[PDB]
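All residue numbers refer to positions in the sequence shown, counting from 1. Keep in mind that the numbers below use all heavy atoms, side chains included, and drop hydrogens, waters and symmetry copies.
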Amino acid sequence: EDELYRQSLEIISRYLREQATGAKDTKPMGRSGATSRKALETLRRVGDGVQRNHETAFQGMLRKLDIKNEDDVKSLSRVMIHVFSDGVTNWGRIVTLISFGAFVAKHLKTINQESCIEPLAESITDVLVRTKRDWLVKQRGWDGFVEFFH
Ligand SMILES: CCc1sc2ncnc(N[C@H](Cc3ccccc3)C(=O)O)c2c1-c1ccccc1C
């Protein structure tokens, strides 16, 4: 159907869920498994890095967005389009968008709003793939991401 979308959702949804709960998903990765695994290993290193290095900036943004429920998560979409989509495009901003997803997902787990983590992952994947389709394709998608951060 749309392999780039499917693979993107798989990687982003797994990272966000693993960050929120601490459990690594052992259910085998779907089509192009070698790439999705390396992509997720890359996020574990670079994404954990951005969250640790920029905790204060991440925390201040979470505080502005005041996420309390499903409604607040739905309104993050408009913000991500304005903040992410309207800026320059590059793997460093893509990793920042996804890392901030993880930081929000951990927040959702603490406040007993885990049911919002899957929707969040879908919203981030939709923002990324809908708005950066041609750039992702030109940069060889998730193979490119993995090669970029080696
Ligand atoms: C809605 C929140 C989002 S989505 C997003 N996507 C890409 N980059 C972001 N941020 C980087 C700056 C940057 C780099 C590293 C750490 C912190 C902040 C960019 O704008 O270059 C952002 C931000 C965002 C914007 C401002 C403050 C905090 C965040 C999370």
One pair to check against side-chain hydrogen bond (donor to acceptor under 3.5 Å, both in side chains): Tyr15 and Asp25. What are the steps and the verdict? CA-CA 9 Å; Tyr15 184 58; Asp25 199 27; over 6 Å; no
How far apart are the C-alpha atoms of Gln51 and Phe100, what are their side-chain angles, what is the distance that settles it, and do they pass the side chain to side chain contact (heavy atoms under 4.5 Å, CB included) test? CA-CA 7 Å; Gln51 282 180 84; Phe100 186 67; over 6 Å; no
Mind listing the closest non-hydrogen atom pair of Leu97 and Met80 along with its distance? CD1-SD, 3.7 Å
Heavy-atom count around [X] [atom1] within 6.0 Å, excluding the residue itself: above 12?
X: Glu118; atom1: CD; value: yes
X: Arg63; atom1: CZ; value: no
X: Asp86; atom1: CG; value: yes

Given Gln19, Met29, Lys24, the one that forms side chain to side chain contact (heavy atoms under 4.5 Å, CB included) with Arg14: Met29
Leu16 and side chain to side chain contact (heavy atoms under 4.5 Å, CB included): which single residue from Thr21, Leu120, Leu108, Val104 fits? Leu120
Salt bridge or not between [X] and [Y]? Use side-chain N to carboxylate O under 4.0 Å.
X: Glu147; Y: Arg140; value: yes
X: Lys109; Y: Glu114; value: yes
X: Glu10; Y: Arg6; value: yes

Side chain to side chain contact (heavy atoms under 4.5 Å, CB included) for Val88 and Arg93? Distances and angles first, verdict last. CA-CA 8 Å; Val88 296; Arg93 301 196 72 238; 3.9 Å; yes
Side-chain donor or acceptor of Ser75 paired with backbone N/O of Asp72 under 3.5 Å: yes
Between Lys38 and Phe149, is NZ or CZ placed under 6.0 angstrom from the six-membered ring centre and within 45° of the ring axis? no
Distance in Å, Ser8 OG paired with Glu122 CD, rounded so as to fall on 0.5 Å steps: 13.0 Å
